[PDB]
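A short write-up of the structure that comes next.
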Amino acid sequence: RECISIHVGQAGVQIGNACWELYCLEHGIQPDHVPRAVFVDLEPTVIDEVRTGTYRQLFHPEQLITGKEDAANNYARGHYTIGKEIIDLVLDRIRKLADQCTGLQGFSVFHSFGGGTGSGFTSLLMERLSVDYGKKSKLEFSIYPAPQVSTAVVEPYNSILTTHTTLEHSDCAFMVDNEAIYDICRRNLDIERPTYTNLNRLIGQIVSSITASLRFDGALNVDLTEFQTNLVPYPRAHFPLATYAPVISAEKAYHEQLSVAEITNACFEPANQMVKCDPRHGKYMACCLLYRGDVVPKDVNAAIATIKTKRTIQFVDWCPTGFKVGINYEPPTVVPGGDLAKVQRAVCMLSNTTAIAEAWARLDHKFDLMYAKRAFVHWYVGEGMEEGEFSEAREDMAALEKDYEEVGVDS
Amino acid sequence: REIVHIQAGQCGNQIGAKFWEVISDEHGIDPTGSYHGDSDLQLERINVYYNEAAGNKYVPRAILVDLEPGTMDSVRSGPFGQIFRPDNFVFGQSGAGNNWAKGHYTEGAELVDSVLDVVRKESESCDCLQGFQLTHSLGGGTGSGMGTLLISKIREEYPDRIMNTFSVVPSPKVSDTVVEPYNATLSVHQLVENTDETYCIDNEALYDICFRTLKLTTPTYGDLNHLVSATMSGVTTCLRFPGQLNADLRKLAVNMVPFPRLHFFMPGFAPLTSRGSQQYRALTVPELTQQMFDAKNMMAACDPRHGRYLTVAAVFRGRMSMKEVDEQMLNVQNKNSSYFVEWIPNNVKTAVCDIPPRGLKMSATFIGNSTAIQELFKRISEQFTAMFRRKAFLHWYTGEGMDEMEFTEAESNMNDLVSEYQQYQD
Amino acid sequence: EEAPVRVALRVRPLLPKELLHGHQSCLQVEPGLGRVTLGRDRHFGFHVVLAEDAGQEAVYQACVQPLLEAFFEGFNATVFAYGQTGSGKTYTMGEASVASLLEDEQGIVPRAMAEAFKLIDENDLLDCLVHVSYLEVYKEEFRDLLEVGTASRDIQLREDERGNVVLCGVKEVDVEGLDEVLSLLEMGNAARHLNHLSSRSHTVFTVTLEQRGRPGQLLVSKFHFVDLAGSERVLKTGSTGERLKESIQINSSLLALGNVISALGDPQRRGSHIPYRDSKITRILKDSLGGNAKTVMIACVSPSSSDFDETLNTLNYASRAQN
Ligand SMILES: CC(=O)O[C@H]1C(=O)[C@@]2(C)[C@H]([C@H](OC(=O)c3ccccc3)[C@]3(O)C[C@H](OC(=O)[C@H](O)[C@@H](NC(=O)c4ccccc4)c4ccccc4)C(C)=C1C3(C)C)[C@]1(OC(C)=O)CO[C@@H]1C[C@@H]2O
Ligand SMILES: Nc1nc2c(ncn2[C@@H]2O[C@H](COP(=O)(O)OP(=O)(O)OP(=O)(O)O)[C@@H](O)[C@H]2O)c(=O)[nH]1
Ligand SMILES: Nc1ncnc2c1ncn2[C@@H]1O[C@H](COP(=O)(O)OP(=O)(O)NP(=O)(O)O)[C@@H](O)[C@H]1O
Ligand SMILES: Nc1nc2c(ncn2[C@@H]2O[C@H](COP(=O)(O)OP(=O)(O)O)[C@@H](O)[C@H]2O)c(=O)[nH]1
């Protein structure tokens, strides 16, 4: 019930390092009883980060499943043979935890599109979960690629082959891109040294307000299933946008006029939502707002009102029933080496829009260009794919962007 | 992850002797003694290049092969000539024929099996095999005939792991002995089908970097091979330390090839400053940035600006931020975007270490694949067909059983290799 | 001055192991119409469409015998047998199959070799003696199937200044009788590598007869029985285990070949140098593609709807067949 998750992918592992760190600080967890997850990677190096120094004793280490073979960041390798040795062992560990927990609540899945690691292992992982536990809650979670700040050479192909089948095995999904978070740390946290681990403290902050506070003492605690019913008007598992607003640094908070309407209104300025496809024209179809700290309802039913009565931040016309709000009680917690500045009230927003298909187009046509010269065919067909797999991925996203298309302006 | 080492050829010993200077200093290893490195993190994945069979000592997993003994005999008399288990030596007192084919058909050919027994004793000696490092030269037969003879048998033996080719392509004018260029052709005719990564180096580039950018006027060859030791110390075990985003050989293999022709690679190293004169108060990742992509600080013969860029991967070594990495890579995607070919948007491949080298605060590792190497092998082609026409050095190769028909096939295969380089220079 | 690559397609008959399990005929067999309906809108062009009850002599006289006349031009001609795993490429040319009752069970190979000894009888003018070769392409490595053992470092190919490809380490035996020809095919098919038990590697049988132009300009003619491999693409559910590794390496060679042959007819975006060098079955067929040398495409499909898109993928093999 104090939910139990998975972490594959190097960024998934370290994002669980700082995320799980903020977990094991904010509930008063001492650095020495019960850890509640598993860590999987296709190289024991990244796990041996955690398996060496701090937060090593605080696990029962008989579960940090590692694969001593290649890291292998290419999709068809990571979906097929090289993870086939480990997938069953991961299944038995998570079913052992499924039996040990009582009334399991759901699955939140931390991985990445940014490599073969958390792409195909994630793909048939989620597929195998929907075979196993298909009548449950599935919340997949990858870092969406940068449109021009990209890293991998195969930067499309992992994501494109992943969304070929990762759509059909989760419903709720949170994709956050790096570049705007660099805008937040550069601008509004106001430092010029943006670290990967600080990004990890930011996503660890937002997930630290998704559920652990929402399974803490909240007067309006929200079910995880209320996401997968509220956020999608259609059963086609779509994906919203989540943003933690009060990103002021320590120098900022000599700022005695700081209330709920400030960061509430700051959830809706376009260049702050941690994805580079800002609501220039994305009509909002769904908005779940989750608050915490000493939240005053006056900023709620004045600020959210003047959001909706702005008529510049236009919602979806034909389907405008797009609010779902829950407020926790507990404030967030300062990471002792962190950057957030002990804020007495906090908002984590999320909102499914029109806009993301344009971002998908940012990934799509890009994907087509390196396909246009038949470029990296020999690795993936050298691992067990074919032309028709790429074609079904392309047609799959082609229907997907029209599904994103018709719900919006078409009223 | 485990990798064995190969030094073929009269050149090669030094080719990598300097590397065994470096990496033992990188982990805190005496000529005889043990892990005297003060930091525990120099230990955690040393198994990629090492073993422990005497237990308390350390041994480089390395196979040292030459067709003339006195070179490696000088090596075993060297300052790190005692850190080897000398039973790993395989050689002979045969005449190291300066023919390619004499090292490929006759002399080392009756010494191939003696090598293969040591590669099989050393391969399954320990945990799962990862890659192979082929350090040699093309300058003669000794690194080239027995080289591609070795790895051509190896890929038939092992069709699975990674073949890293440290070749030494001759500099396009500063020759060695003008019988030279055939020792490229027949070697590289059987390189592209029996490797997947080829890091080729060039001599006058070494004199260009050592002589000009460093203001040392006297290029000792140990300094040249010291620079190549900075390359391979840059590449692999750097990724096999902790890294924020730390790739491997296989990721670099899938990254930097378009096709399985693998389009042999051109390395570079960023901090290239003279000895004490370069107090600068501006040394960081960023510098590595502009320093990496200029026409100098390149180990290639041709000017890299003269073609496009297909794929370039970088391995940055230092406590640093990827925002001020990836922003810089965006700058290279902008300001030079004409020769930075468009249809692959990410010609860059980011690679992030966590450790510096022994004294420097921050270093960087260039690995490149342009289209410009087109006008290297064409260069090698143009000399090749030049004094092929007289047929004047034909007897030394016919006398070792190499036949006539092999040459024109080598010309056509390297030829349309150059032709497809032209077809993607665009 | 160049004749185009002639384009033909074959449908196989349906076995009861797929008929009784409910595989409906997703194809529309239209042999005389020169076209084939797939689904309700896919209509493709083929010169000779072969029905699922066709005769191997009619296959022999539509494509092979016009190239047997063109084999006496002193120039190359090449016809392969393409299909997915289970399409009947063994029956298509007629090797590794010994019934020889109706004689239609064996196909083109005893027809072209029997007719080849028929053409030794008539043309007693040119000094001609045929030698053949029978090789394996397996895991991108060669194997002399006419020999119980020959080193892979020995079996390598050559290339001359004229523009041909010469083999090495290949046992070459002349012909004197169709009993010797079928004896070499028998011993070789026994030396190849369940019922087919892999159907995996390429079995390449090259017929060679130089034609002495009339002590003068030698005019070389080769004819090619190049039996291809199965073209399974999707199959996660098929080849597993160590036999997964047997299927996967040639599977890259399949779309390597398809990557080669599709770089000719579509010059729309800088149609670069043709990469014959990527695979060892492609360098042996560089002469078998374009130019004054002849090439006719024949592929075998399946009426099962489960390989429907795969059949269309075979049609995608056939759609880009231009030249
Ligand atoms: C007081 C001080 O800071 O001295 C520096 C130094 O002055 C400079 C000039 C070093 C110096 O390097 C050279 O002069 C050089 C000589 C021949 C060929 C190539 C280079 C240095 O010798 C090299 C040495 O490099 C290392 O320690 C690295 O760990 C390096 N090690 C070796 O190459 C090595 C040398 C001898 C024995 C064993 C190893 C390394 C680099 C990449 C991967 C692995 C290891 C360093 C920082 C210095 C000195 C000592 C003067 C520089 O080179 C490197 C590779 O760091 C040259 O430009 C850089 C900038 C450095 O600041
Ligand atoms: N936001 C964020 N993104 C990261 C971080 N680390 C890596 N990434 C991105 O994630 C992509 C790859 O995903 P990862 O799971 O981290 O790496 P991987 O695929 O597991 O690589 P291996 O560990 O070698 O298998 C990279 O291209 C990065 O762009 C991080 O710390 N924070
Ligand atoms: N057109 C066909 N005509 C007659 N028999 C066929 C035909 N197609 C399939 N068969 C039979 O069904 C079985 C499957 O054919 P088979 O040749 O083994 O498949 P394949 O993929 O072509 N194998 P291979 O030729 O070895 O690469 C064989 O026993 C055939 O006799
Ligand atoms: N970097 C470097 N290259 C060298 C050195 N010595 C020789 N070479 C190059 O390597 C080639 C020598 O290869 P080698 O095996 O020694 O010659 P071989 O015995 O005739 O085959 C020559 O062509 C030189 O250009 C050296 O000390 N450093």
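Residues displayed in chain C correspond, in order, to Swiss-Prot positions 12-204, 210-230, 240-348.
Header entry for method reads electron microscopy, 4.2 Å.
From the backbone N, Cα and C atoms, a Cβ is placed for every residue, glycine too.
Swiss-Prot annotations:
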{"type": "BINDING", "residues": "C:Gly94, C:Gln95, C:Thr96, C:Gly97, C:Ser98, C:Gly99, C:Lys100, C:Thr101", "note": "ATP binding site"}
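Distance across the unmodelled 9-residue segment, from the CA of C:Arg230 to the CA of C:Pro240, is 7 Å in the deposited entry. Within 8 A of the CB centroid of the ATP site residues C:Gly94, C:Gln95, C:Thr96, C:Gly97, C:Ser98, C:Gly99, C:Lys100, C:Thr101, the other residues of that chain are C:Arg23, C:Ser215, C:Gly255, C:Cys325, C:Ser327. Between C:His204 and C:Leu210, the deposited model skips 5 residues, and the Cα atoms of these two flanking residues are 13 Å apart. Mapped onto three states, the DSSP output places C:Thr101 (ATP binding site) in helix. Each of the binding-site residues C:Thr96, C:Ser98 was assessed for Cβ neighbours inside 10 Å, and the highest tally belongs to C:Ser98. Just so you know, the Cβ of C:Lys100 (ATP binding site) picks up 27 other Cβ atoms within 10 Å once every protein chain is counted. Within 10 Å of the C-beta atom of C:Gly94 (ATP binding site) sit 25 other C-beta atoms, taking all shown protein chains into account. Here C:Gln95 (ATP binding site) comes close to C:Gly255, C:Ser256, C:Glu257, C:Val326, C:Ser327, C:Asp332, C:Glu335, C:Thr336, C:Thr339: these same-chain residues lie at least six apart in sequence, with C-beta atoms under 8 angstroms from its C-beta. Its Cβ placed at the centre, C:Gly97 (ATP binding site) has 18 other Cβ atoms within 10 Å. There are 17 other Cβ atoms within 10 Å of the Cβ belonging to C:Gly99 (ATP binding site). DSSP classifies C:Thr96 (ATP binding site) as coil under the three-state reduction.
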